[PDB]
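Just so it is clear, none of the values below were taken in a lab; they were calculated from the coordinates. Methodologically, a virtual Cβ is constructed for each residue, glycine included, from the backbone with ideal geometry; neighbour enumeration extends over all protein chains shown.
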Amino acid sequence: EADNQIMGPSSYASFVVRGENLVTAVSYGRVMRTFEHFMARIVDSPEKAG
Amino acid sequence: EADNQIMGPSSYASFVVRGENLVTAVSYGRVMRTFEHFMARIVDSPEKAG
Amino acid sequence: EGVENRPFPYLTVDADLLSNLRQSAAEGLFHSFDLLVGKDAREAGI
């Protein structure tokens with residue numbers, strides 16, 4: 001074996017439906033994975049080409 | 001006539017697709033009217049019924 | 001019949017819009033409405 005052990009995450013990552021996501025789950029029935037990056041690339045900095 | 005004039009509004013009560021409804025207009029194509037009041041009702045203290 | 005039933009935050013107006021309602025929905029003044037009697041009258045699942 002070229003190695004004995006590997007690193008890696010100890011916990012599962014958390015996707016909790018926060019405020020923008022809770023409202024569009026309640027009202028439209030649709031959640032996005034990141035409302036925060038959708039805000040940051042539509043309404044906060046739209047011309048910033050990623 | 002008891003009165004000759006009435007006291008009414010002077011301008012249209014405007015409504016624009018702001019930062020919270022732009023994400024769902026571009027993303028889903030479902031705008032709601034007063035997204036901030038939906039957030040005030042179900043995110044910020046949903047235990048206070050109106 | 002063209003109506004969604006989601007757990008919306010419903011604004012609580014004070015209008016007297018109960019008057020002549022169960023007879024008006026029967027004749028068809030409303031183009032699309034849902035009658036929820038019993039367990040269906042619930043703030044539905046999200």
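Mean per-residue shielding of peptide A:17-26 is 6, counting Cβ atoms of other chains within 10 Å of each Cβ. Placing a label point 7 Å from Cα along the Cα-to-Cβ axis, residue A:7 is separated from the same position in the other copies by 7.0 nm, shortest listed first.
Annotation: extensible slack from residue C:27 through residue C:13 equals 2.5 nm (criterion: 0.36 nm per residue apart, minus Cα-Cα distance).
Computed from backbone phi with θ = phi - 60° and the Karplus coefficients 6.51, -1.76 and 1.60, the 3J(HN,Hα) list for segment A:22-37 is 5, 5, 7, 6, 5, 8, 9, x, 7, 10, 9, 5, 9, 6, 6, 6 Hz; x is used for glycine and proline.
With R₀ set to 22 Å, the beta-carbon distance separating residue A:13 from residue A:40 gives a calculated FRET efficiency near 0.70. Placing a label point 7 Å from Cα along the Cα-to-Cβ direction at residue B:45 gives distances to the equivalent points in the other copies of 3.6 nm, listed shortest first. Using a simple spin-label model with points 7 Å from Cα along the Cα→Cβ vector, what separation in nm is obtained for residue B:4 and residue B:28? Here the answer is 5.3 nm between the modelled labels.
Averaged over residues, the count of other Cβ atoms within 10 Å places the peptides C:27-40, B:6-19 in the sequence C:27-40, B:6-19, highest first.
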